[PDB]
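> Below is one structure. I have some questions about it.
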């Protein structure tokens, strides 16, 4: 997920499950192969001392300026209409600039996102509908125009983009502590046998 | 739900689609200017027509949102840009004929030339030939031929073309709810729907008029000094009390006295500031000049440039096979991609020109976060005025001595200050009434106060009264002098120069106060003053989302143009001009002409 060949769109964000293994969270922190890394509630170096019931990784690509919307208690086009996180989010977020990988001459039109929606999304909700955003009383009849708008639009990921517009391969690592037992606990230290 | 969501969603759709389309045209222009080729010039035009076609089709839904019951300034300013039809109001016959008039006027102006009456085989073109005759050559006979024949060859032919230009343009402006195309140019500073900050179109006519009378005490003293000095070079044609001939001003259009500095040297024995040689000894280059220039922008407290800024910028002409446009031009390629085109040499002329173009970037980079329709300047004055204040402060020897170009042992006194200070007034003070003259004449022609047959007559009368200039040979009604100007023939507004010049000193005095500088403004230097850059960036970031009058009230202390900071810049110059005018007459006398008998 940190080095995937292809990422799903933001409004069509994918999710991968992580369980039944040993998870080394210190490799990413010390790999220095990212642009931004922040954990909420827990330090990145201490996650190896903590196992959880379930761990999910929501993968997608967003612009540099849109990275601020991905955090608990934020709002915006990406936070409300594409991918929302709860106020009590205690996971981690990793971001890596992919301008040398995902940028295309004329923009990478495969990565798209929603700009408007009839209602705000819930935490960890997805919506890939193509409904026309209706504002007025008249019906849109499957075409945008006066008081009607096609909500999805493509990204302008060109090689000439700036820091605020370049593509960034972002992954949101969420943790879950349920009544069910643990499934993935970090690597434990070892020493010689005296 | 409400109607407001239509404009908010409509502009968001346009702001997303117009953004990448505009950058494709902006990027294609960069490619052409960096490599003049038949392929790049075509893609430049193709990208331009594509984006312009998108602006036209988007105007349909833009007009479906009346702004009478709307109080949102953001919604009003953005939709008004598209709701205006402009040239689309007339048929294809009139719009195409207007383009036929403009392209024909530009070709006649560009291909203009004057041949020697004593050597018909030797003929000089507009650039660099005739420009050097009025700028460099001091011969009375050569300057008269270049001036007079230019009006007969180029001025006369542009007269019937300028007629259809004014007539066709007035129909376009009048259809767009204007009084004329002169008022259409005045609509740039239009403000409505903001309490305490409204501004009508006609108020520009009174502001340039009021400020002109406040410039007369300063301009009349300089005109006598310039007339007195030119009288010594041409005593058989210039009187000490009369007017100055038009062909001795320094250019082919009578706008600047900058070329007359060699004839109006205050003190020829004293030195001046010039770090051209200093940069050569220190092993400087185009990159170091740009790099050290950025250190000024960082020290004053403005944002720094990006890594791709210097890497992707152009510093010299890459060979003749891929010859680029060496003109200094700041470019907004988009998506945070900013660059500059310039063929920089090791000289003080390029040292300040580098700061001038970097100031243009700081203007655009400030409001880069605004919406696309609002990602532009509030007016033409704000765009170009900010560029000069950064170069003028850098031209101060205080900054040059700090960086280490000008030696600390360089002696400064009131004597050398007048050499520098008076040189600027030939450019500023010797041009400010000329712009007010030309635009006042054009504004009267658009309204129709001056008939077509009275262009040269009223133009000659206005030259004697406003500026105190007289032609070298009398022109009948068949002539049209101002039509031979680059801005007039290519459909540009020259009033921006007058507003830019006064706004330059207004912003200068505001930052000189922020920099805690005392005395006249010509000794001002904002270097190493973090408060200087901080106060400016708060105004640059506004863009065109707020009234331009508001930006002046909280920075320079006014809402319209003003001459107050001008005399503070030329404070000791007024004293120096007074002593020199002891043996002359302040002002001018309209009864004298060089062809008098």
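Along the chain as shown, the residues are counted starting at 1.
Including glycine, each Cβ sits where the backbone N, Cα and C put it.
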> Have a look at B:325-329, B:330-334, B:335-339, B:340-344 and point to the one annotated region 'Interaction with SARS-CoV spike glycoprotein' in Swiss-Prot.
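Matching range for region 'Interaction with SARS-CoV spike glycoprotein': B:335-339.
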> Going by the substrate site in Swiss-Prot, where B:327, B:328, B:497 are listed, which of the candidates B:255, B:375, B:442, B:564 is also part of it?
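According to Swiss-Prot, the candidate sharing the substrate site with B:327, B:328, B:497 is B:255.
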> Select one of B:311, B:384: the residue that Swiss-Prot places in the Zn(2+) site alongside B:356, B:360.
B:384
> Going along the chain, which residues six or more apart from residue B:72 (N-linked glycosylation site) have their CB under 8 A from its CB?
B:4, B:7
> Within 10 Å of the Cβ of residue B:255 (substrate binding site), how many other Cβ atoms are there?
19
> Can you tell me the CA-to-CA distance separating residue B:357 (active site, proton acceptor) and residue B:151 (chloride binding site), as a whole number of Å?
34
> When you average the Cβ positions of B:356, B:360, B:384 for the Zn(2+) site, which other residues in that chain have a Cβ within 8 Å of that mean position?
B:330, B:357, B:359, B:363, B:383, B:386, B:387, B:388
> For the recorded positions B:356, B:360, B:487, work out the Cβ neighbour count at 10 Å and name the residue with the minimum.
B:487
> List the residues in the vicinity of the chloride site, defined as same-chain residues other than B:151, B:459, B:463 with C-beta within 8 angstroms of the site's C-beta centre.
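After dropping the recorded site residues, what remains is B:246, B:456, B:460, B:471, B:475, B:479, B:481, B:482.
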> Write down the Cα-Cα distance for residue B:85 (N-linked glycosylation site) and residue B:497 (substrate binding site), rounded and given in Å.
27
> Grab the chloride binding residues from the record (B:151, B:459, B:463) and give me their largest CA-CA distance in Å.
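Result: 15 Å between the two most distant Cα atoms.
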> Taking the Cα atoms as reference points, how far is residue B:255 (substrate binding site) from residue B:384 (Zn(2+) binding site) in Å?
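About 18 Å separate the Cα atoms of these two residues.
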> Give the distance between the Cα atoms of residue B:85 (N-linked glycosylation site) and residue B:356 (Zn(2+) binding site), rounded to the nearest whole Å.
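Checking the Cα atoms of residue B:85 (N-linked glycosylation site) and residue B:356 (Zn(2+) binding site) gives a distance of 34 Å.
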